[PDB]
*Asks:* 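Here it is, the structure, as structure tokens.
So you know, we letter chains A, B, ... as the sequences are listed, proteins then strands, and number each from 1.
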Amino acid sequence: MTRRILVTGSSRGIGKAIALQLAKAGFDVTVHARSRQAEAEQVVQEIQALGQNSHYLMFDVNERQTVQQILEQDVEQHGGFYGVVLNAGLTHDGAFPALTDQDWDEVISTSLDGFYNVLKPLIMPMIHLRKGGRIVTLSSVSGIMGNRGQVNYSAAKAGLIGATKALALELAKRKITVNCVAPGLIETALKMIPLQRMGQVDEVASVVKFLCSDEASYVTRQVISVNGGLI
Amino acid sequence: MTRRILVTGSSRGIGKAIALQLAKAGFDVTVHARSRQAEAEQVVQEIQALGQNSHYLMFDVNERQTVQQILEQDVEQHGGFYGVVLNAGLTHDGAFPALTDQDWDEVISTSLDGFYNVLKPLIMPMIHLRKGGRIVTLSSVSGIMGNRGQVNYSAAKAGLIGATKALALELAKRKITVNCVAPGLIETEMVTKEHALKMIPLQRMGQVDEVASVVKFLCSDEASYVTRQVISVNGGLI
Amino acid sequence: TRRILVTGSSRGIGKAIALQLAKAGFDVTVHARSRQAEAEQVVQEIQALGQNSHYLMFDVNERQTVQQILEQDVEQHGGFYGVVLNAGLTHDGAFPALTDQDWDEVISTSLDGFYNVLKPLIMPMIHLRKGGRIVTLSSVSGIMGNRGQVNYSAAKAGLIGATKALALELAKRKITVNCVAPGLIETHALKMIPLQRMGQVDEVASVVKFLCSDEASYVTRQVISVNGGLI
Amino acid sequence: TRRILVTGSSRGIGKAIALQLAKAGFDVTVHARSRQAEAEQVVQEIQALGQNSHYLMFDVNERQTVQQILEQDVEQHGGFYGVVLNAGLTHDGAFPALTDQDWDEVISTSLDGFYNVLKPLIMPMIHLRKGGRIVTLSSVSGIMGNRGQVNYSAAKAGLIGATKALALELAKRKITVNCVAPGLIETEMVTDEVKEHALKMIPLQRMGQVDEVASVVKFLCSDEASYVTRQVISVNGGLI
């Protein structure tokens, strides 16, 4: 059976570019979105047109019990996921003393609760494939160095890095690599970027696609920055 | 007058060592504990015996509304804090598939909601002192490199680093430095050790005062050009 | 056709890089210090893969000889679109026991190698007016240091600094400059590697090949570790 | 009393380090490449603070001279408990425009300086049987690179790798080995282009003072910093 990869937030933007590149690489790809159902179906159709199998799942990554039920049912129907790309996240920018409770909690939970809620039901189905696996998280340059107006987002994306590195250590014995891709400023003050432009969605997706390939078998526990030389 | 520093989790261990070194350096130091009131009052009397003023505050850093009321009342009675040391944290170790919801949620929130719940009521009072300031968070080598059985704690302590660096950028123009201290294996962490000592180049656990000395240095006036940093105190582990 | 110089490509990691870049569609120029027959065999393999190839022989420490050979090669065959700098050797020993030669050979082969090879090639690369690729090979010991390798750790760390600075100078010409830092590669720390095995040469070469590809256009100034999760 | 060598200590950051260490109670040996009268001024200030001091003259690149002077000094005054390596120069320029001298003198002064100064002093330090302190001075350019400084970035990054490796070799001797990486500091002979670019990026919006760097070195040389080793500590106003 063909190896299948889940990409969260894959109805548009970076997530969609990742989904399409993984399909072109020969993976079956399961699309996900929180609410844009018609958009998710368009991506499913494009993946099918590439010759792979696809369908979409709808959930808010913060809804722990609903995510568990949807993923357990999907694994029962279609087998375990060989790969998981955790792409969905959220910003609520503002100066730290001006941040509301919602600005803080929604940003923290979407990245960190999302990591737990999506990956917890899928670790054992991945191990049961007995063929290794791939987990890639999407952080941010702000998770590496911090950013004004983004104490919450910098915390959420930095926490993702720590979770990724720790999980890489736990799953290494099962040949599951676990890595993080940290984009800079992407199209979806450029005076600080050495390449002097925003990045394109495919320039991020190509890195995720490489890490998901069999060729990247000795890369794990890493944060790979795709940021045009910003840091 | 005398600059005052809040140290969370200072009734014992590393937090206590930090509070006593900061008192010896000439700060007034406010002690904090979640629930061990008698322990906290003992540290208060030690700080008084070291020549500084002290009292304790009791709260769970996760209780957002309670923390705000307690800190806002304390600032009204005693003035803004010049410094805040965020030392209190929590572990719930276990392999990622073994972790319970509570194991995950309590570890993430204690560090990350603790940061928001304690610092949000205190940032503007600190700025209004108009004399700079100091914020030091306590992370962990696990936040830098990850650790087996600690996916939750690694995420919490790495998240603290991101928050620290971003806050450093916002507060630099007020001459408030914001830094992180990341201890390795310290004598107050209960372990069963022989493998860990083989990984540490110095081949021994750190002592509480070896961590507190770094925090004390960052809080000093001499550390005025150090901000946005993670300083590891780990015997060479990484 | 874009042409890439790979130093030290008659065997080992350098050979695997040369062959992967040939399979990707680049013309590849092979290099060796002295093993001429070995270099010719790699050239013949690149030709059998359908690309043009020849070899160049030089000690990377012979500054003037390197300049003459490379300037003549660029006049005969055009500027290099890419350069993979794979230059270094170890002379392990306790620091106070290292000889002058142990220190100077290790420092110079990596850092004078960088200067001696790249200085004559930067302007011919820019004059192609089509971007470019530079990849240097460092080591995990350049990132974190290693007992018995104060000299090698210094040389490898120095390559990382030179790479990051050169990335800043060349970004405006759309030349990316990156570093690949291998861990323990097959060419007893195994209880220390999470994947519990040495890397294979193609697991390093795959990362170099990805960085040289058009897809990697927003990645620059980076050190990418291929070390099985060692750090 | 414990004795510390500080190289390049006749002026600037090195002088600030030497005076802060003397105030902390170390005997301090001053070093300079060529300015003998400048060095003697610092010696006299350290003596006035109540510690023992003298100066040593050498180019850190002249390997055999460094070895003879240092081994003679250790025979006369005992081993050094601490060494602060403050060694390096810049020769800025676009990489294709760097001359052989621009490259070689920048690489060698930092990396050859590390080997030339420290190799004769490691065993005398170990033979004290009371631990020790080694601190190297790198730069933010060694951590992230800088335009016009491919040579300096390489030299200062190399210093970091050497420091971390030596920390591992000496950890069981209770000798800590660390690196301090200043950002843009007053008195630093830097180009206007490097200086203007740095100011816009520094969150504190100012250059550092020499004592803001020396205080970090002094802390690492103190007995309290005994569990800090293998580290690079940035003193850069938040630049990175």
*Asks:* Given a strict heavy-atom distance threshold of 4.5 Å, which part of D/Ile175 is in contact with chain B: side chain, backbone, both, or neither?
*Replies:*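 No part of it gets close to chain B.
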
*Asks:* Can you check whether anything in residues 118-154 of chain D gets within less than 4.5 Å of chain B, heavy-atom wise, and list it by number?
*Replies:* none

*Asks:* Where along residues 199-224 of chain D does a heavy atom come under 4.5 Å of chain B, listed by residue number?
*Replies:*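 The residues closer than 4.5 Å to chain B, in numerical order, are D/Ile202, D/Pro203, D/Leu204, D/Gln205, D/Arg206, D/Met207, D/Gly208, D/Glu212, D/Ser215, D/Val216, D/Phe219, D/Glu224.
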
*Asks:* Looking at B/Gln48, I'd like to know if its CD atom is crowded, meaning that more than 12 non-hydrogen atoms belonging to other residues, nucleotides or ligands lie closer than 6.0 Å.
*Replies:* yes

*Asks:* Who are the ring pair (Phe, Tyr, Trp, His ring centres under 6.0 Å) partners of D/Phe114, not counting sequence neighbours?
*Replies:* C/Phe95

*Asks:* Nearest heavy-atom pair of D/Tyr227 and B/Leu185: which atoms, and what distance?
*Replies:*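 Between these two residues, the closest heavy atoms are OH-O, 3.5 Å.
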
*Asks:* Could you list which of residues 228-240 of chain D have a heavy atom closer than 4.5 Å to any heavy atom of chain B, in residue-number order?
*Replies:* D/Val228, D/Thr229, D/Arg230, D/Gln231, D/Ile233, D/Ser234, D/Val235, D/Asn236, D/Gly237, D/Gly238, D/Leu239, D/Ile240

